[PDB]
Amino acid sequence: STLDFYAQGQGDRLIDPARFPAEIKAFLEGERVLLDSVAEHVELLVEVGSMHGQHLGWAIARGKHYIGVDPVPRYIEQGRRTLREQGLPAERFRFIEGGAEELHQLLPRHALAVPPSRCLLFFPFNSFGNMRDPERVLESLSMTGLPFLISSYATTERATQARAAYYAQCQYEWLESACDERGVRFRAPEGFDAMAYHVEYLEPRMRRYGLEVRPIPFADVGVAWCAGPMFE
């Protein structure tokens, strides 16, 4: 999707809970169960596509270090206002205005202060599917060498119908679904462009960049692209 899409507020509709059908609520619950299931191996959660910080509350509750990464300034400002409000220290909870494309520049080893194995680059609610160039994101991920959890969707007709039911409740000028060699693409002329990549297309792309990924299916319509020792 476009930066303008989110900047101008159209993108806000995608985290309005009133717009979540049952299959997507189930998806978000399943997303959290996978995160919980490796929680004991996470000291630093890096939320990639964080918005205002959807999993900040998770990190606060579980006593984890937090970095929200999002290229939308108004979302970074919202997240930072939340940290100031509760008086949370910067050395534990931060926001970084940037793209997943430059993750390797945003997260140099020294800046972590946590072993690589206890870090998780968590891309929630199909943030990865809304990124301009997935090939750039995968290379950036490769160069960080950090464990990651890319939460996205399956490309079964049922998964596509779940996404259609979710996106259509945002009431954009029009909504197009297309299936091609890469995956299932939803577009709207507001600047919405959301992909779910076929398991058969993306797994080879992952391995090409040396990422030892497993596509873990969850909550009927989800697949979690999981790499790192906590997924042994």
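Heads up: residue numbers just count along the shown sequence, starting at 1.
When the two stretches 134 to 142 and 81 to 89 are set side by side, the higher mean Cα temperature factor goes to 81 to 89. For the segment pair 94 to 102 and 121 to 129, the entry gives 94 to 102 the higher mean B-factor, averaged over Cα atoms. For the set 150, 111, 154, 76, the maximum C-alpha B-factor listed in the entry falls on 111. You'll see in the entry that, of 185, 198, 62, 163, the Cα B factor peaks at 62. Ranked within its chain, residue 14 lands in the middle third, by CA B factor from the PDB record. When the CA B factors of the chain's modelled residues are split into thirds, the value for residue 225 lands in the lowest one. For residue 172, the recorded CA B-factor ranks within the middle third of the chain. Only modelled residues enter the ranking. Annotation for residue 207: C-alpha temperature factor in the middle third relative to the rest of the modelled chain, per the entry. For residue 57, the recorded CA B-factor ranks within the highest third of the chain. Only modelled residues enter the ranking.
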